[PDB]
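These notes are about the structure you will find just below.
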Amino acid sequence: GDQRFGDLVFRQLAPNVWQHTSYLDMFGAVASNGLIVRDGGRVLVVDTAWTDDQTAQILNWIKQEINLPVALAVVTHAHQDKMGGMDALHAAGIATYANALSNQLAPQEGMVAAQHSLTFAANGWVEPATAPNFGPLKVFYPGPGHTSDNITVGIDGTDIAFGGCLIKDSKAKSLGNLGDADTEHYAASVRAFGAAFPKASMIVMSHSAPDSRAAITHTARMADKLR
Ligand SMILES: [Zn+2]
Ligand SMILES: [Zn+2]
Ligand SMILES: [Zn+2]
């Protein structure tokens with residue numbers, strides 16, 4: 001029981017947090033989740049939709065329902081369900097942020113790079129100078145897992161942490177696409193994400209409904225069998 005704007009579905013997770021869900025037409029439609037965060041008088045979004053058109057529908061839904069200007073956008077890694085709608089963000093005049101590796105990989109992965117590059121310390125935390133005015137967005141690089149450039153976002157003030165494609169649901173039987181995955185360090189990266197946000201009770205991911213942090217330990221267990 002949630003909203004729908006065009007081909008997208010929006011679900012409220014917190015008083016000022018929404019989950020946008022788009023689908024890719026192909027062995028059937030595939031869902032992909034992202035976040036919409038209201039920070040005071042501005043809106044922060046995480047990940048684009050599969051396409052530019054679907055991404056433009058996110059921004060028009062935001063304008064209709066929240067009526068706040070989108071300050072910045074942050075994508076997690078260079079894939080089409082994260083970075084497919086980069087052209088829509090730039091056309092909407094939104095500052096975009098990504099992992100420096102993601103922006104470097106973007107042309108090779110057939111994506112459009114973000115305007116800014118995020119860098120990370122040895123512990124995985126974003127260099128604050130590269131991420132100005134992120135508000136409640138706590139960005140963390142857990143290490144190579146689903147991709148070598150996958151990053152995660154936590155939301156301060158809430159019980160929500162976004163894992164992206166790094167995290168699968170607790171009832172999952174597989175890890176999805178492992179075509180560009182690092183199987184050796186996948187498990188340690190998952191557990192690092194769990195340690196980065198130790199108080200998160202709601203774990204949002206790309207290809208499932210929001211779950212508890214049992215999804216973290218479960219994903220780690222499936223990743224151990226690739227070591
Ligand atoms: Zn991916
Ligand atoms: Zn994905
Ligand atoms: Zn690839």
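Whatever order the structure lists them in is the order used to number ligands and atoms, beginning at 1. If you read the sequence from its start, that first residue is 1, and numbering goes on from there.
- Closest of all the heavy-atom pairs between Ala172 and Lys168 is CB-CB, 3.9 Å.
- Neither side chain, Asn33 nor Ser206, offers a donor N or O lying under 3.5 Å from an acceptor on the other.
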Exercise for review: Determine, step by step, whether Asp182 and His185 satisfy the side-chain hydrogen bond (donor to acceptor under 3.5 Å, both in side chains) criterion, reporting the C-alpha distance in whole Å, the side-chain angles of both residues, the deciding distance to 0.1 Å, and the verdict.
Suggested key: CA-CA 6 Å; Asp182 178 30; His185 316 103; 2.4 Å; yes
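- Ordered by chain and number, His77 NE2, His79 ND1, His146 NE2 make up the set of protein N, O or S atoms under 2.8 Å of the Zn ion (ligand 1).
- Atom OE2 is the N/O/S atom of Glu109 found closest to the Zn ion (ligand 3).
- Side-chain contact check for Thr130 and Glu127: no donor-acceptor pair (N or O, by modelled atom type) lies under 3.5 Å.
- Not a single side chain to side chain donor-acceptor pair (under 3.5 Å) links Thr152 to another residue, sequence neighbours left out.
- Proximity of the aromatic rings of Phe10 and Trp61 is defined here by a centroid distance below 6.0 angstrom, and this criterion is met.
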